[PDB]
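Those protein sequences? They're chains C, D, B and A, same order as listed. Numbering-wise (the entry's author numbering), the first sequence opens with residue 688 and increments by one. Numbering-wise (the entry's author numbering), the second sequence opens with residue 688 and increments by one. All letters in the third sequence, in the order written, are residues 305 to 332, 337 to 460, 471 to 548 by the entry's author numbering. All letters in the fourth sequence, in the order written, are residues 305 to 461, 472 to 548 by the entry's author numbering. In what follows, a single structure is set out as structure tokens and then discussed.
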Amino acid sequence: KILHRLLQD
Amino acid sequence: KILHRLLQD
Amino acid sequence: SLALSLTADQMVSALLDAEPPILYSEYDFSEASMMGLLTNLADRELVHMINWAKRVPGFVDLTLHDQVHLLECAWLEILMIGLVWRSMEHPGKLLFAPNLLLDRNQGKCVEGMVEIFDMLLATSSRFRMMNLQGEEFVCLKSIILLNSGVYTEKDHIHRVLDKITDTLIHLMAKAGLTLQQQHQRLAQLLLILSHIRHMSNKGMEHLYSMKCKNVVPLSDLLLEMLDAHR
Amino acid sequence: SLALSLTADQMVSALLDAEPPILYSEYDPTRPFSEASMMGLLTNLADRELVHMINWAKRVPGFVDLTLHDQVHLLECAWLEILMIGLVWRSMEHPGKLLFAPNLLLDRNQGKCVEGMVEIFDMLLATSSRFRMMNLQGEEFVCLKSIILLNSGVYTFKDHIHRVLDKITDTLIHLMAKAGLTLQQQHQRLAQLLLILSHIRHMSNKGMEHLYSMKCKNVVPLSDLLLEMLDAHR
Ligand SMILES: Oc1ccc(/C=C/c2cc(O)cc(O)c2)cc1
Ligand SMILES: Oc1ccc(/C=C/c2cc(O)cc(O)c2)cc1
């Protein structure tokens, strides 16, 4: 999920 | 509406 | 015009006296079967809810058209917090009636139903973690009736709501809670009403998709209560 | 951890400091609106705000303390609620209008342009009138928005979340007290503020249904991120 990746960056 | 009637009754 | 006169203790007694009766299901098991029971139970409860609304201090002061709007907005919310309250003593189960206690898996008898059950079960768990009180329950439910459709000197209904907040706080002070604990518990209680609104919106959609597919006949009352949201 | 140790004032400023910026829309005044182009404008905007929201959330005390899965779930649950309370807040000083962006300020007649949109406008306008009627303060605003993030999906899961929520309750009371409200006004107002959240939840659910029917009717292309925030809800 994009959000899951977005929450890390 | 039925509800109208319930409220009055 | 006189609900603003009540004492905290009188607000509680009033709300308690106003409580609708607890009804039994017609139950003696398919998707049609179960839907009929739930909706048929719902139709009957709705009739008793109207008598109850009319005994909520401040409500009869409102025009007929405003009472209709408030009940149309809040009805499934009120139905559900009732259900959750009843099921609080039965972890993992939903007490629709005393002769209809349904575990989580029985929610899968009807399509889409288990997702709604899970939310109802989790709210019930939350009441239990909070040790929700009957006196608190009836205030919460009265708040839903007056609040859910209220945004639609027009300041009277907000005074009644304040009086009910005063009542919740009275209950807490009485229970020996500190000031900081009253406030936090009051917040905790009210945030639940956001989850109850959510469950009602989801319940409404599911009920409406059931009307279309046609698994079961809904009462006229139910259809109009439903169509106020469509 | 470090979140639960914050004073009330430290809570307030942490949240004020976290505030996302007000973003512009793609509004093109040389051409008329269509249903498709007005929806494009709103969805394009929402997509850009989401990236800010995600970074806002990470700055809300105690939020990064949670698993990645827990952050995803909360944001997936509250995102539209959060977009909507911001809108209502920006629209406070514009009675009868909604300030989507500084270059996109719409009234309900403009809302009628999109099928099914005016009903949601009307709810948002009314909530905006509620903020105005209560003289909602920005400090209170940021508290409420944080409560939505931490609360909305909290019962679709624990103790740590509740701790932060209680801490935000302390903060609201402190602000009201510091503003000279009486002990009674304080609890009364705390309740009025929180009751707002039932309405924000309602409007979110309706907007979610409406957004969904735009997607299913190919009215407008949605970003992959938006499609996923939306899918979370069905
Ligand atoms: O499709 C449906 C979805 C949800 C429901 C809920 C029914 C119901 C009936 C009650 O007596 C109390 C209650 O809290 C809920 C019924 C049908
Ligand atoms: O700040 C904000 C930014 C964007 C929006 C968008 C709302 C919205 C509501 C709908 O029913 C459909 C839709 O496609 C979008 C709301 C607030």
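Beta carbons: idealized from backbone N, C-alpha and C, even for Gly.
Taken atom to atom, the span from the alpha-carbon of A:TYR331 to that of A:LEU409 is near 10 Å. In this structure, the straight-line span from the alpha carbon of A:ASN519 to that of B:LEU310 is close to 36 Å.
Shown here, B:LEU448 sits in a helix according to DSSP, grouped into three states. Around ligand 1, the residues selected by a Cβ distance under 5 Å to any of its heavy atoms are B:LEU346, B:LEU349, B:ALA350, B:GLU353, B:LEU387, B:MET388, B:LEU391, B:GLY521, B:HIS524, B:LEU525, B:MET528, following chain order. Interface criterion met: the Cβ of B:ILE514 is under 9 Å from a Cβ in chain A.
Taking one beta carbon from each stretch, the region 529–536 of chain B and the region 398–413 of chain A have fewer than 3 pairs nearer than 8 Å; the two do not touch. Neighbourhood of B:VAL355 in chain D, by CB distance below 9 Å: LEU693, in chain order. Close partners of B:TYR459 in chain A (Cβ separation under 7 Å): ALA430, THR431, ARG434, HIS513. If you look at B:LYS401, you'll find it isn't in any alpha helix (DSSP H); it sits in the beta strand (DSSP E) that goes 401–405. In the DSSP assignment, A:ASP351 falls within the alpha helix (DSSP H) that extends over 339–361.
Sequence-ordered contacts of the region 358–378 of chain A with chain B are nonexistent [C-beta pairs closer than 8 Å].
Using beta-carbon distances, A:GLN500 counts as an interface residue toward chain B, with a partner under 9 Å. B:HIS373 counts as exposed, since fewer than 16 other C-beta atoms from the protein chains shown sit within 10 angstroms of its C-beta. Residue state for B:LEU408 is assigned as strand, using DSSP reduced to three classes. At the C-beta level, B:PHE367 and B:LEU453 come within 9 Å of one another. Exclusion of B:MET343 from the 8 Å shell around ligand 2 follows from its C-beta lying no nearer than that to any non-hydrogen atom of the ligand. A distance criterion of 8 Å places the beta-carbon of B:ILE451 beyond contact range of ligand 2, judged by its closest non-hydrogen atom.
Residue state for B:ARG477 is assigned as helix, using DSSP reduced to three classes. By the Cβ rule, the region 477–490 of chain B does not count as touching the region 439–453 of chain A, because fewer than three pairs are nearer than 8 Å. Those residues of the region 444–456 of chain B placed with their C-beta closer than 9 Å to a C-beta in chain D do not exist. A direct Cα-to-Cα measurement between A:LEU345 and A:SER329 gives close to 6 Å. Interface residue (Cβ-Cβ distance to chain A less than 9 Å): B:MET388 is not classified as such. For the pair A:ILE482 and A:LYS472, the Cα-to-Cα distance works out to about 16 Å. Less than 9 Å divides the Cβ of B:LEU402 from the Cβ of B:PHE425. In the three-state scheme derived from DSSP, where H, G and I count as helix and E and B as strand, A:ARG503 is classed as helix. At least one heavy atom of ligand 2 lies closer than 8 Å to the C-beta of A:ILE424.
Annotation for B:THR431: the continuous alpha helix (DSSP H) segment containing it runs 421–437. Note on B:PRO399: under 16 other CB atoms within 10 angstroms of its CB, so exposed under the neighbour-count rule. DSSP, read as helix, strand or coil, puts A:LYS472 in coil. Under the three-state reduction of DSSP, A:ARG548 is assigned to coil, being neither helix nor strand. A residue is called buried when at least 16 other Cβ atoms come within 10 angstroms of its Cβ; A:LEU308 does not meet this threshold and is exposed. At a cut-off of 9 Å between beta carbons, A:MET522 makes no contact with chain C.
Per DSSP, A:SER329 lies in no alpha helix (DSSP H) segment and is marked neither H nor E. Taking a C-beta distance under 9 Å as the contact criterion, A:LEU354 and A:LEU387 qualify as a contact pair. With a cut-off of 8 Å, the C-beta of A:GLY420 is classified as near ligand 2, since at least one heavy atom of the ligand falls inside that distance.
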